[PDB]
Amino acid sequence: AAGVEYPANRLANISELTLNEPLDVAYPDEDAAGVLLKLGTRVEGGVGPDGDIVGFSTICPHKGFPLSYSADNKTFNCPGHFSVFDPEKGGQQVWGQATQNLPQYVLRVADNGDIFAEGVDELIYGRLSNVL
């Protein structure tokens, strides 16, 4: 088995999301917290009609504190050691202590508006394999 086998998991429906408000989610299992977030502009890894729906791990890749989201800024922020991540640019660490940009989900919107996740582009905090 050469690579990790990611499950394709339903996370929500397009209908459930409001502009600029994260919706809690977990992928690829219940122990790996993250969010869907509709950003209002076309962005990297963004799905849906507007290409503006992204999904991300909300666990800090430095030391694992939970990230808060600032709506004003559209950034994720870490109260552990002050890291900042930009979900409008692929989760780029704007400033921080992680050696990783924020793990981002590979999303697909099904013909009915259901949102599936079927991969992640970096190693999630606290697991040595993204699929445990």
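Residues carry their position along the shown sequence, with the first being 1.
Visitor: Taking the recorded C-alpha temperature factors, which stretch has the higher mean, 89 to 97 or 69 to 77?
Guide: Looking at the record's C-alpha B-factors, the answer is 69 to 77.
Visitor: Please compare 115 to 123 with 12 to 20 and say which has the higher mean C-alpha temperature factor in the record.
Guide: Higher mean C-alpha B-factor in the PDB entry: 12 to 20.
Visitor: Quick check on the deposited entry: does the C-alpha B-factor of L132 sit in the lowest, middle or highest third of its chain?
Guide: Highest third, going by the recorded CA B-factors of the chain.
Visitor: Please rank the C-alpha B-factors of the chain's modelled residues and tell me whether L36 sits in the lowest, middle or highest third.
Guide: Middle third.
Visitor: Among the modelled residues of this chain, does the Cα B factor of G45 put it in the lowest, middle or highest third?
Guide: For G45, the deposited C-alpha B-factor lands in the middle third.
Visitor: According to the PDB entry, is the CA B factor of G51 in the bottom, middle or top third of its chain, that is, lowest, middle or highest?
Guide: Highest third of the chain for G51's C-alpha B-factor.
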